[PDB]
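Enquirer: Chains as they are written, first to last, in the entry's author numbering: chain o, 149 to 192, 196 to 277, 284 to 424, 427 to 454; chain O, 149 to 197; chain M, 3 to 257; chain N, 7 to 145, 203 to 229, 238 to 266, 278 to 324; chain y, 95 to 116, 142 to 187, 193 to 212.
All C-beta atoms, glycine included, are put in the ideal place defined by N, C-alpha and C.
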Amino acid sequence: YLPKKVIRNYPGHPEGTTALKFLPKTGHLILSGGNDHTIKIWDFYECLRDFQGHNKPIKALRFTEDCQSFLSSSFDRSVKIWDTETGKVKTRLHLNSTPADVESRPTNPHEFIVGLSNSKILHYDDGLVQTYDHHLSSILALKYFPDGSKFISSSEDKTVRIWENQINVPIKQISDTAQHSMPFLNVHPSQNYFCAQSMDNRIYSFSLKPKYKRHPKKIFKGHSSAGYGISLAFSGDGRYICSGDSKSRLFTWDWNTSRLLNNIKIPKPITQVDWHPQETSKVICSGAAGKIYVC
Amino acid sequence: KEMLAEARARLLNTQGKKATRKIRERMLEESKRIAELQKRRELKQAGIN
Amino acid sequence: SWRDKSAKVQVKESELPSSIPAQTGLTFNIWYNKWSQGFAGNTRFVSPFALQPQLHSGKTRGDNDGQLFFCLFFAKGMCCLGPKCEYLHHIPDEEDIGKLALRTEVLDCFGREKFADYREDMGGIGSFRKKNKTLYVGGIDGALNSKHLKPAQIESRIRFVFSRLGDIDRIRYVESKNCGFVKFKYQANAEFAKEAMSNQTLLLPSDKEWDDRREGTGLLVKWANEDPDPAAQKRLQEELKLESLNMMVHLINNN
Amino acid sequence: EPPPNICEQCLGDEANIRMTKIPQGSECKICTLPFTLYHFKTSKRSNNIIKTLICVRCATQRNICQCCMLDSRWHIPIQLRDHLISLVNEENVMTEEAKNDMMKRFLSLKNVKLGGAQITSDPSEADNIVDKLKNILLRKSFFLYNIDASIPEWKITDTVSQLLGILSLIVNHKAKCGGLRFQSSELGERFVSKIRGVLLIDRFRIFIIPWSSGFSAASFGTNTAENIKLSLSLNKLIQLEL
Amino acid sequence: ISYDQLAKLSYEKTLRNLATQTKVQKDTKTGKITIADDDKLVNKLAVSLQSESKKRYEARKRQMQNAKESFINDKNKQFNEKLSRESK
RNA sequence: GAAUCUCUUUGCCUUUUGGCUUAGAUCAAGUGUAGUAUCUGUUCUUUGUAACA
RNA sequence: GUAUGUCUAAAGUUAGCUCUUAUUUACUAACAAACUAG
Ligand SMILES: [Mg+2]
Ligand SMILES: [Zn+2]
Ligand SMILES: [Zn+2]
Ligand SMILES: [Zn+2]
């Protein structure tokens, strides 16, 4: 159901809290990577621990479906896999470039994908496995398919390339003459749609078909998402879409008509937006303030 | 239907391919420029001057 | 002191390295004396020669000839003709910069020509428009050969190094940006220190990496910008107004 | 073909000076246009060769000479004479120096005297601003407290050297504190004899401490957040002295 | 009509606009004329010129709004309007 | 009686065709794989009350 | 396949409607059965 009130405080960093995600199917923890400090976890209310071993801010903090360890994508050319129970050192990927969002394949805890900003993507195990070089620009955001087995990449170019399980060659590369880029993108939880932000202030939605062409009128236009790395979100079993903006506002969306529902005035560009997989009406958001406002 | 749709595709062909690739290149300039400002706004909320 | 003794041969003619640079390409371009068909690996290097002022200062032919332009290869520490070099092989003191008062805003203290504005890299000879005294000191990473040090020790090393090169106004190492800002009493001391600590190392001989001294890439001494905090703009404006009031007195005494 | 602006200080204290003209010598160091370059020697046996480094139009646009790059009338820098004209007329007369190449050429070819050149050009307004200037002027280690940021290290060396007869020194300006260091045993005894006493540099008071610890710069602080905090606490300690 | 008559009529219109609304010193050396200009009159002229520019701006947008013979893009329907105005 | 706002018409062209020559010249004779684009066929949906700080 | 164009930290500048799915058609390919470019 729709979020309508700015309910709880959750005062995180005084810095940005530049990444928020959930444990899938168990809405117990969150993550918050600030600018200067390190990662904090809030529950539901409570706090657990810091994760020292970073120096720079963090782009994205992605879990696995094993859920015991998340993946930190810091600006400091270093990717660290942290346990949510102890917080130890599995790997330390000292890289060449500032890494983008760092994700994991839903089957294996071994299979593990790191995006870069020198136009490359590196697959790993529990240790290089296979490169990925088809984007011309810095790669911005990644996804996967239902239960993995393929892979989705999008860059500072307008291209989106579906790569496979350890295969360099794209099945489809998605480009027109009017697309700005695809800076962030999340799988719609019926695992057949394909939603992505784009800096025409619009959220495009493609299919997941072999005949992969887009569907009209499912484009979410009323935004100011132009110059910030803003996230997408999806409710339980796909009832709405929440997405932040740079008006210090959070905007929700329908599916069949795709129209504006709630223009909230949350007290700085609202960027990171997550739903609960348990609570069917509440949405966690954070902008660049650090105070994690829950709707 | 096919021939009429191709005809109304070709009657829209107003700009040349050099003007088409210049609209393409200016679109790429605006996209790279807004990505650069996006990266700078991230690093400026970060504090890295 | 240095007024008493003569200047030493810092290096032989045969003990200089060749003018042909380190090979960064395929073939050698003998017009521009550089390398081409490839650019991978740094042209920049740790300089093999240091200054060592108190040992190698002295009285040259330049004191006999009455010339008061200093020696660019004394500051680099790589003169062959020690006591016979036409330029000066000592630290710029107050009286030498005082005799440089007629030409140091046109040329520098080495006889090089000051240009219109700075480079895009802010490093080189300098301007005739800014009375520039503050030197940016970067490149400290390879100057330490990427050794983990506290910032107070590095600030102490930069203070002791640039104390050899004349009178110091003010040194402030930036812990957040890994750079210093060394301001001098005179402009010619800043010029001499920029030529002096060009691409050397902050490594002491008391450390284990002294054999691998010339491995990485050394210091980066360059001309600095203004100090953009308003307190140093305040001290800059008031010291410039006091020097202007001195020049007020001079212009009234003249006419 | 205009004759050059070279003032009385560049040529020097001689009456017969032989200069060498090269037509279209080099690009001038303001606008990068070529010009007739005049190089000479101040004496006959001078070791330094002195050449004009700007063209005649860039010289007359700033009312400066071509060799020593100072004012033709006053023999002072351009920036400071613009600052003095801003002190007089209450109008920020600044010299608009170019940075693009085409802007340099464009800004030199135009017939104008830019900056503060028009005031010092004719001697009437020169002496007018001169008596306005007259109207304006009618209107073995130690630790150191109380060093405001306008006090350099070289003045702290010079006053201690002047009170003695002539030794390194370490001053943290962001901590606003000072320290002095040497090796001679008798030099510290003579520093005690020539006096927490007060150093008076320019009426700005600096308190002294016999600092038995061997201070490094780490003793003044390890970071910049320690320096401002220690400066505030030490100014409160100075208020405790007062 | 003509640019002379049209300047004359716009002058009469602006005097009608004032009708709906309603010293000199010199130096010795510089010789530049300092005229005392009242601030209410200065910014009243400024607000009047901005109001005329915005009035012309909104009327020009009103002409831009109207779309009612054969054309491919917007510049083309403007050119076809021009040919329809040539046909008398 | 003095004037504001909204329309209608006229006038200004307002995003208003910015060179030339031999119309400047000549026009598929396949397939498979793939990509892009479009049509058609097919299936689904329609608040009071009390206490405490 | 050329011309040609574009990207590339080593160095740190001071606080009717929504949909799945197949057939057809159109334009493209130095991709295949030793060589061909403005
Ligand atoms: Mg051709
Ligand atoms: Zn020498
Ligand atoms: Zn010039
Ligand atoms: Zn001169």
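Report whether the distance from the Cβ of N/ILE70 to the nearest heavy atom of ligand 3 is below 8 Å.
Expert: N/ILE70 Cβ: outside cutoff for every heavy atom of ligand 3.
Enquirer: For o/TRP190, which three-state DSSP category applies?
Expert: Three-state result, o/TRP190: strand.
Enquirer: Which whole-angstrom value describes the C-beta separation of N/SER204 and N/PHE286, a residue pair presumed to lie in contact below a C-beta threshold of 8 Å?
Expert: Incorrect: roughly 22 Å between the Cβ atoms, too far for contact.
Enquirer: Please work out which residues of its chain come closer than 8 Å, Cβ to Cβ, to o/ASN206, disregarding the five sequence neighbours upstream and downstream, and give them in chain order.
Expert: Correct list, in chain order: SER225 and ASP227.
Enquirer: Of all the CB atoms in chain N, is at least one closer than 9 Å to the CB of M/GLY68?
Expert: It does; some Cβ of chain N falls within 9 Å.
Enquirer: Shorter than 9 Å from the beta carbon of N/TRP217 to some beta carbon of chain M?
Expert: Taking Cβ atoms only, chain M reaches closer than 9 Å to N/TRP217, which makes this a yes.
Enquirer: List, in order along the chain, the chain o residues whose C-beta lies closer than 7 Å to that of O/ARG189?
Expert: Those within 7 Å of O/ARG189 in chain o are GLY384 and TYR385.
Enquirer: Go ahead and pull the three-state DSSP assignment for y/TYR97.
Expert: If DSSP states are grouped into helix, strand and coil, y/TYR97 belongs with the helices.
Enquirer: Nearest-angstrom Cα distance between o/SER415 and o/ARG359?
Expert: Rounded to the nearest angstrom, the two C-alpha atoms are 11 Å apart.
Enquirer: Mind listing which residues of the stretch 74 to 97 of chain N have their C-beta closer than 8 Å to chain M's C-betas, in chain order?
Expert: The stretch 74 to 97 of chain N vs chain M, Cβ under 8 Å: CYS74, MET75, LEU76, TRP80, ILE82, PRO83, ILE84, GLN85, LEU86, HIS89, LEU90 and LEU93.
Enquirer: Got a sec? Which residues, its chain only, sit under 6 Å from M/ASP98 by beta carbon, not counting five neighbours each side?
Expert: Excluding positions up to five away in sequence, the list reads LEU70.
Enquirer: Have a look at M/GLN155 and o/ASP290 and give me their C-alpha separation to the nearest angstrom.
Expert: Rounded to the nearest angstrom, the two C-alpha atoms are 44 Å apart.
Enquirer: Ligand 4 and N/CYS74: does any heavy atom of the ligand fall closer than 8 Å to the residue's C-beta?
Expert: Yes; taking the cut-off as 8 Å, the Cβ of N/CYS74 has a heavy atom of ligand 4 nearer than that.
Enquirer: Can you find the residues in the same chain that come closer than 6 Å, C-beta to C-beta, to o/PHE377, ignoring five residues on each side of it along the sequence?
Expert: Same-chain partners within the cutoff: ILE360, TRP410 and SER415.
Enquirer: What residues in the stretch 166 to 181 of chain M bring their beta carbon closer than 7 Å to a beta carbon of chain N?
Expert: Cβ contacts with chain N come from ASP169, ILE170, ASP171, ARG172, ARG174 and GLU177.
Enquirer: What number of angstroms, rounded off, separates the C-alpha of M/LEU57 from the C-alpha of N/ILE219?
Expert: Computed Cα separation, rounded: 26 Å.
Enquirer: Run down chain o in chain order and give the residues with a C-beta less than 8 Å from the C-beta of O/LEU160.
Expert: Near O/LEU160 there are no residues of chain o at all, since even the closest Cβ is about 14 Å away, more than 8 Å.
Enquirer: Are there 16 or more other CB atoms within 10 angstroms of the CB of y/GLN115, so buried, or fewer, so exposed?
Expert: y/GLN115 is exposed by the Cβ-count criterion.
Enquirer: Got a sec, what are the start and stop residues for the alpha helix (DSSP H) N/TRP217 sits in?
Expert: First-last of the alpha helix (DSSP H) with N/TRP217: 216 to 226.
Enquirer: Please report the residue range of the beta strand (DSSP E) in which o/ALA298 lies.
Expert: First-last of the beta strand (DSSP E) with o/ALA298: 296 to 301.
Enquirer: I'd like the list of long-range same chain contacts for M/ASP119, defined as Cβ closer than 8 Å, with 5 residues on each side in sequence excluded.
Expert: The residues are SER129 and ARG131.
Enquirer: Within a Cβ cutoff of 8 Å, which residues of the same chain sit near residue 281 of chain o, ignoring the five residues on either side of it in sequence?
Expert: In the model shown, chain o runs from 277 to 284 with nothing in between, leaving residue 281 of chain o without coordinates.
Enquirer: Output needed in chain order: residues of the stretch 112 to 124 of chain M with a Cβ under 9 Å from some Cβ in chain N.
Expert: For the stretch 112 to 124 of chain M, which is checked against every Cβ of chain N, the residues closer than 9 Å are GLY113, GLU115, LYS116, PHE117, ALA118 and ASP119.
Enquirer: Measuring only the C-alpha atoms, how far is o/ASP394 from o/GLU236?
Expert: Taking the straight line joining both Cα atoms gives about 28 Å.
Enquirer: Please go through the same chain and pick out, in chain order, the residues whose beta-carbon is closer than 6 Å to the beta-carbon of N/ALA132, but skip the five residues on each side of it.
Expert: Taken in chain order, the residues that qualify are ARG79 and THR126.
Enquirer: Consider the Cβ of N/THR42: report whether some Cβ of chain M lies at a distance smaller than 9 Å.
Expert: With 9 Å as the cut-off, N/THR42 does not count as an interface residue toward chain M.
Enquirer: Taking only beta-carbon positions, decide if N/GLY303 is within less than 9 Å of chain M.
Expert: Yes - at least one Cβ of chain M is within 9 Å of the one on N/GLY303.
Enquirer: I'd like the list of long-range same chain contacts for N/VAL99, defined as Cβ closer than 6 Å, with 5 residues on each side in sequence excluded.
Expert: The residues are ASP88, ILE91, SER92 and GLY122.
Enquirer: Using a Cβ-Cβ cut-off of 9 Å, state whether M/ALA233 counts as contacting chain N.
Expert: It does: the Cβ of M/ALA233 has a partner Cβ on chain N nearer than 9 Å.
Enquirer: Whose C-beta lies closer than 6 Å to the C-beta of N/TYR44 among residues of the same chain, with five residues either side of it excluded?
Expert: Same-chain partners within the cutoff: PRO10, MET25, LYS27 and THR58.
Enquirer: Counting along the chain, where does the beta strand (DSSP E) carrying M/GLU197 start and finish?
Expert: Counting along the chain, M/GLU197 falls outside any beta strand (DSSP E), though it belongs to the alpha helix (DSSP H) covering 189 to 198.
Enquirer: Give, in chain order, every unbroken run of the alpha helix (DSSP H) that is at least 4 residues long and sits entirely within the stretch 4 to 60 of chain M.
Expert: Listed in chain order, the complete alpha helix (DSSP H) runs (minimum 4 residues) inside the stretch 4 to 60 of chain M are 55 to 58.
Enquirer: Give every residue of the same chain whose Cβ lies closer than 8 Å to the Cβ of N/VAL94, excluding the five residues on either side of it in the sequence, and list them in chain order.
Expert: Answer for N/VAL94: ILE135, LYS138, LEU139 and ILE142, listed in chain order.
Enquirer: Output, in chain order, the set of chain N residues within a Cβ distance shorter than 7 Å of M/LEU104.
Expert: Simply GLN15 and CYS74.
Enquirer: Taking CB distances under 9 Å as the criterion, tell me whether M/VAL108 reaches chain N.
Expert: M/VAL108 counts as touching chain N.
Enquirer: Starting from o/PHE221, trace the beta strand (DSSP E) in both directions and tell me its first and last residue.
Expert: Per DSSP, o/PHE221 belongs to the beta strand (DSSP E) from 220 to 225.
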